[PDB]
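Take a look at the structure set out below.
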Protein chains: 2
Amino acid sequence: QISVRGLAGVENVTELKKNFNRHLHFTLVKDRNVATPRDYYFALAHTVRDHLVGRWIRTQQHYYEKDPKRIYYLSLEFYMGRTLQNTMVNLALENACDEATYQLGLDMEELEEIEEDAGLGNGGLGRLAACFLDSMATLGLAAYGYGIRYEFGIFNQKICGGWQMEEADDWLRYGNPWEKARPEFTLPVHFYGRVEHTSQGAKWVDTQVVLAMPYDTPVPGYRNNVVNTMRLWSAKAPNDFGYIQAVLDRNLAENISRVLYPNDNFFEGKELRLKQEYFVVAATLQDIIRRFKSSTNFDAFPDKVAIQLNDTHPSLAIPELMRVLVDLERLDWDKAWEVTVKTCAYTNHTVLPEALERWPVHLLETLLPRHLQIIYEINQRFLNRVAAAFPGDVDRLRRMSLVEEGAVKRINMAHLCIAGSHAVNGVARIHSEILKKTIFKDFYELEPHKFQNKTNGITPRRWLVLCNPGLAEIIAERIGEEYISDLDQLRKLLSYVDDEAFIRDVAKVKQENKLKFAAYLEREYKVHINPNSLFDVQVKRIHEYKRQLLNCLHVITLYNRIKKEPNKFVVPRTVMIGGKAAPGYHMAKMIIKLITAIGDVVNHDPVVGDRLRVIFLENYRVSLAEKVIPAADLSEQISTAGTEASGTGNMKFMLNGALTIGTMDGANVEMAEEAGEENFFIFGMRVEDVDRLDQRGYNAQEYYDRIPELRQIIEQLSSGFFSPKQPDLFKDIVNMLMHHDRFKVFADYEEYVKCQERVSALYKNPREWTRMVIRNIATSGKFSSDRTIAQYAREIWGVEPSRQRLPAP
Amino acid sequence: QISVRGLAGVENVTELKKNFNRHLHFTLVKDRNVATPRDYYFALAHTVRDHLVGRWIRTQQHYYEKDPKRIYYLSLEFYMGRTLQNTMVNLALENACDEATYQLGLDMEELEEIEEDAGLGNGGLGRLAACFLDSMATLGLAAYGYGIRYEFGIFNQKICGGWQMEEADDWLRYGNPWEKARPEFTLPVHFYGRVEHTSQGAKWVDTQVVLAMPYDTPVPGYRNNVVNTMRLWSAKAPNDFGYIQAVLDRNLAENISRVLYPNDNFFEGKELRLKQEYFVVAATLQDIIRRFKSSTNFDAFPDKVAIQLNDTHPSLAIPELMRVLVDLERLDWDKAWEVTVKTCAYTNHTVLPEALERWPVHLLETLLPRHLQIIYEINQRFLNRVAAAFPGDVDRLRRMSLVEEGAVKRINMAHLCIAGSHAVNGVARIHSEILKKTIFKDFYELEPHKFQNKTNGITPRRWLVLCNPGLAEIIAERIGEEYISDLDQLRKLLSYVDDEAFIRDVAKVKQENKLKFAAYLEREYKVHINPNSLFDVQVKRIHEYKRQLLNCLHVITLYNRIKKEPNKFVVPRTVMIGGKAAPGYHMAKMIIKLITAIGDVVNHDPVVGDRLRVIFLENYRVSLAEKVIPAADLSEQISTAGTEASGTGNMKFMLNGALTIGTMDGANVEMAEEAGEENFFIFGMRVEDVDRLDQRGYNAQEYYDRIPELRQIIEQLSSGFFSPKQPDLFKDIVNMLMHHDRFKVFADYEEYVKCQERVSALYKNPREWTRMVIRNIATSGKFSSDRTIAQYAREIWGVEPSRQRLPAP
Ligand SMILES: O=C1Nc2ccc(S(=O)(=O)O)cc2/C1=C1/Nc2ccccc2C1=O
Ligand SMILES: O=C1Nc2ccc(S(=O)(=O)O)cc2/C1=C1/Nc2ccccc2C1=O
Ligand SMILES: *Cc1c(COP(=O)(O)O)cnc(C)c1O
Ligand SMILES: *Cc1c(COP(=O)(O)O)cnc(C)c1O
């Protein structure tokens, strides 16, 4: 059908059809008479999977032959989403398969919707890991993703009575055709026990043993025949351990890989979480060292191994590597430490204090007694370095300590990571500067060479070609297909900004995507959106710092203005807000309810009509993002300046033809800088303004007293206008906004609504709104994760990316 | 190589080799460079499995077309063992595969030893279910095996310090290539709740829901292209149900199918067991009725459905069927009851009181409140029948009640089964008579037409062709291959009893099997048996009624006679005793220790030499039975007359060339009757003698006082002769034998040793021992499970067996 989807050869289609029938029969043990749509999806999934194996086997064999430096990306989260379509895209099998299934009388798109999302992530952090894997395979890096195989991923969100309800995400229920169990590579992981000091070294004894069984999932590069591996560990009880009760208690050791903690940017200090963190680290390092010993002086270890810590979650890799090198391999401390620092790199994702991992000492003490001793030794030698560099600065010593004194002693994992890594990076220019100027200023002054920046990116394969083929096609029609793996080329589209044919095409694609989504909204969930309105969307995890509340205030404002002047013309808008709240995050759950409560009033007001609709997108996840984003006109990125480290959803929207309304926060700053401030809807306080407000003190009352419209909104909320049967349902929200708003929603209210008026004004001029859209898409090249990864490879890992096709399949 | 293994066609071998390589590559994602023996076994298993699917699909389609009467065999146990070789044998693929793997440079036998046993059974009861499935497929019956998919089967036994140690049987660890998950057929099962009586009928509400997910395993008939199905249910928690804790508590509902209770002939009244029993029944009946409604007056139900209860474990099927018919389908009681009785049949397996299921009322009351009401109603109407038939016999009423009064009210499941079934059968002639004359005499007098006999059998495919190809070949050389599915033909071998060539062949096969096992004993476990000695073996579960202790006394006697007269000639014997003890069966565990303690003395006595060896076969299971049995010379079947309902190991030994020493118990009686008493080593009390001893009272002291040799043995045990460091280690054993021996070991001691002397005497005459062996093998035809199943089909289920090949694959 469309160019970018590959050729549908005569031989290829014929071969696909027979292998499809082969799997339906031999693999699924079914025949055309009793097969259900799910059986067809599996037949197709196995057929596509067959095309990967050859490449997967020789890619791994290749690395064994040439023995290049290996990159190990440790993360407790990999937000993969679906993999069928992505695999077809990267293998150029999409049209062949579409055609082959067509001839077999099946709609391929209908079959793809059957695939369960691999939601092993919460949000930004987890998705970045996923985009990174794709880019590393595309750039020919010998990389491995390591994590935990949760049998229950992020919970599926249900809205009942306007409230969020959580239900287990049993994504493995029907099976996963992409993973390959490797029980022959099972490794033992130790917990508890105690430390014995013998003649020659310390020993960790009397430990509880849990087995780590690996599951490999192929990660195909874009049309280069490279297939890397994502290895996910599963917890298994040793056969060692009433008889019946003993057998049933095995489900105590295996609970370690049972479920993903659903916290986005929040630290919950539960023991089960620490176990997961150590579990993934202990098993991974053994696998790493084993693979290394094959390639025993570890001086070359850093030249053959790079370990990237995606946040502090896998920070125990630092003391664990030291433990193995010192306790088992018997290297002297200093040598081991040099080695550790040279192979580890740490990526910071947020500056919010409630997100920082600070593990109580009594916990590490009981669970990992040997690691605690190593941590104290590391801390001891590190503070000696600080004291020698800043004699007499005793306060600096307690501020930089890995050990935090107070109510209960805690270990600051972020300080541990900085000390044991040769590189520390932020995820956006502004975020990285903030790290050097505030949160980690003492560390920066001590070792300025460690601090770097690596602005985040998204993969153009899943985030353009896969979810927006229509847009990918009209672009390719003009500049070719080369941009798919070199997004910078999108700049060439800048010379089509005045091209009347292109203007019409870009706008036509957006309209088709909106009709497509508007339909999906009725087919599933039976809604009533009007395709002609401006699609105003904000999708991301529910957070006070993300300020979904600032969006709500604008929605209520728009509503009150319509009711005030009913017969005045206003640009039609469908505001869509979606996202999950962490189960124990009360304020976030109240916000979801407020959103649906506003929709209950606004959507049933006869005077409003189809001029304003408020929809809450249920169960926002990766596969839902692939549908909404391509259909969006306005992208809401309105976090308080200085809180959103980078953000990545913002990039997805810019690449798919939506204009952006936001604050100068995270990557928003670099995006506006690339597209030009005139092509961006910027508003609100900058980082400096927030600081000046804090010096003086933030008093929400002041804004409530001076802005009539804001006052009316707060009064409607307190009087029960949006909750008739429950007059004070939103007392917590009002109370928070008025007395303890850490994110100063009111401070940005006035500039936000005025900026929204500028958006409605531009929308009334179709031609100009589209030319601005083109200006955005054309300058989004910098935000490709290929660029991000190439910088990591060159400035942190010491490896050169390659675009060379691997010697065929 | 050998005839009975099929042809190794040129096309066939070539096709097998390429599909093998296809699976190693595409399925296992490996190449010849990194594949391990386990990968080769899986490649082969998938290759063989591919040959079943075609047949499996059309066999099920066939039944759907013709719609014959369906047989449902409900059992909580299916002792399958390995399935690779059995599948090749039934598909005539054994030589083709042996050859194909040979050309690929692999030893097929080495690969088969890698397969994990499917030990979803304890012993006799579970193995019978397995043999039955094989015979039903071979006789072309539309049969389905229904049970539970335990993720942990019978425990693996380890001997430490002479003691049994149990360790989880994680048989699914590396995966099971034979099963096919059918998550699309998941059914809900209800527990707890309460009963509401509404205008029109009773309702069971507020129940806890557990999901039943089925896994299908193919059951191939012998060379007839029929492939039936064994459906095993797995417990899954509904997605309905702190957030983390809620997700982790799902492993409370799924524990139902976690592990098999390891009790052989013993009732343990734990709630988890009752749950398993209801779980398998509730899910199965829904599947049965659903399949029936397709083929709504249930008058035809009995003509389309037969449900066989393998013991009382699935007895809840009776009140559950009534519940569905009355509460859901709304049929009147009497109609529903007629239907139930006509479709259900019950098989009794033992008369030992400690084995009888008597569920406390308070348990059924809480877990299955509605079933309790149905049971009381059934009981009420049944006792009304008894009273009308025996007016005034009030004692008969309390003896026949399904409800048992006393300390705690209990429900007698055996009485429930007899009342709700149209047929009740024993498993051996003597056992069935005992049921009518004692244990169920009142029921027999009330409905004599319900009581039948169906002597057990073993499948000649797994128990001859598979484990003893050498013997199968020399037999076929003389009478053809027809006997494999018509064992009666073995009688033709009676005319070769004087044939010098056959005598030599039969004896040669036994010798090769012994060398083969003697090697296996050293290769694994490093032992030291002498292939020239008489192989005296007793393998079965450890039980006081099986009397492994009577065997021990003989062993100690033989030892004491050698020490008394060292330079006297005695026939060399290697006595092998093996079997598992239930974890909580203290006496059984003490017996295992006694056995190894005797071996520790006997095996290291210089004066004994290689004249007497005592070995304890570790982890006796189905695959180990396939090795020992073919190598045995003497089969020990020495249970106290009246305790072993039938036994099946006895039949396996008779078919493989071992002579039998035993009591007139169970099927031993029919075996001696078939071979002729002169060709059997019978000894001990008969059932009548045991009763006369009980009338008078059994006083072990009397035997201890009158038999010098027995006295010496008991004194060696009490003085610590066999336990030096622990003088009184065996005080429980001695105490039991002397004061509370329910199985009167001493009463049979004298006749047992004298009979053992007759065995040694015959062994010294190779030619005559072998001619007697031939007489046994030639008359073992009656004990084929094909005969047993044909009788079940004709006299209980109302279906005709067929030997017609199904229309090719
Ligand atoms: O994200 C989260 N997950 C959980 C889980 C459980 C709790 S609990 O209240 O401590 O039980 C709290 C939280 C939680 C939270 N997230 C936030 C974000 C900003 C301010 C306060 C909290 C908070 O308590
Ligand atoms: O086979 C078995 N399994 C178990 C499991 C647990 C127990 S417990 O002693 O009640 O804990 C007892 C048993 C048990 C038993 N089997 C037998 C057979 C003959 C006489 C007494 C017992 C006995 O207690
Ligand atoms: C990209 C993405 C995110 C991150 O969005 P932000 O707006 O940066 O917080 C979260 N969830 C999903 C499913 C995404 O695809
Ligand atoms: C046949 C068999 C049994 C039954 O043996 P009996 O001597 O009748 O008790 C038990 N276990 C296994 C593994 C068997 O194959």
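To match Swiss-Prot, the residue numbers of chain A are left as they are there, and the shown ones run 13-253, 262-315, 325-838.
Looking at the header, which is where the method is noted, we find X-ray crystallography, 2.3 Å.
Placed from the backbone N, Cα and C atoms, the Cβ positions cover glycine too.
Under the heading phosphoserine, Swiss-Prot lists A:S15, A:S430, A:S514, A:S747, A:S748, citing similarity to another entry as support. What Swiss-Prot records for A:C109, A:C143 is site 'Involved in the association of subunits'. Summarising the annotation, Swiss-Prot assigns site 'Can be labeled by an AMP analog' to A:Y156 and lists an author's statement as the type of evidence. Under the heading phosphotyrosine, Swiss-Prot lists A:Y204, A:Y227, A:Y473, citing similarity to another entry as support. Annotated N6-(pyridoxal phosphate)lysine per Swiss-Prot: A:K681, in sequence order, evidence recorded as experimental evidence.
Among the recorded positions A:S15, A:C109, A:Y156, A:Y204, A:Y473, A:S748, not one has its Cβ under 6 Å from an atom of ligand 2.
Comparing CA positions across the modified residues A:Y204, A:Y227, A:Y473, A:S748, the one lying closest to A:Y156 (site 'Can be labeled by an AMP analog') turns out to be A:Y227. Taking the Cβ of A:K681 (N6-(pyridoxal phosphate)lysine) as reference, residues of its chain lying under 8 Å away and at least six apart in sequence are, in sequence order, A:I487, A:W492, A:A654, A:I658.
Spacing of A:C143 (site 'Involved in the association of subunits') relative to A:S514 (phosphoserine) is 13 Å (Cα to Cα, whole number). A:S514 (phosphoserine) sits 55 Å from A:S748 (phosphoserine), taking the C-alpha atoms as the reference points.
Cα spacing between A:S15 (phosphoserine) and A:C109 (site 'Involved in the association of subunits'): 14 Å, rounded to the nearest whole number. Taking the Cα atom of each, A:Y473 (phosphotyrosine) and A:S747 (phosphoserine) are about 47 angstrom apart. Measuring straight across the break, from A:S315 to A:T325 at the CA atoms, gives 11 Å, with 9 residues left unbuilt in between. Here the recorded positions are A:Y156, A:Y204, A:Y227, A:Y473, and the one ringed by the most other CB atoms within 10 angstroms is A:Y156. The number of other Cβ atoms within 10 Å of the Cβ belonging to A:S747 (phosphoserine), over all protein chains shown, comes to 16. With 8 residues not built between them, A:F253 and A:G262 place their Cα atoms 12 angstrom from each other. Taking Cβ-Cβ distances under 8 Å and a sequence separation of 6 or more, the neighbours of A:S430 (phosphoserine) in its chain are A:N408, A:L412, A:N441, A:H444. When the neighbouring Cβ atoms lying within 10 Å are counted for each of the modified residues (A:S15, A:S514, A:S748), the highest count belongs to A:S514. All protein chains shown were included, and the count of other CB atoms within 10 Å of the CB of A:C109 (site 'Involved in the association of subunits') stands at 28. Within 10 Å of the C-beta atom of A:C143 (site 'Involved in the association of subunits') sit 26 other C-beta atoms, taking all shown protein chains into account. When secondary structure is read from DSSP and collapsed to three states, A:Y473 (phosphotyrosine) falls in the helix class. Between the CA atoms of A:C109 (site 'Involved in the association of subunits') and A:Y204 (phosphotyrosine) there is a gap of 52 Å.
DSSP classifies A:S430 (phosphoserine) as coil under the three-state reduction. Distance from the CA of A:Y204 (phosphotyrosine) to the CA of A:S747 (phosphoserine) is 52 Å.
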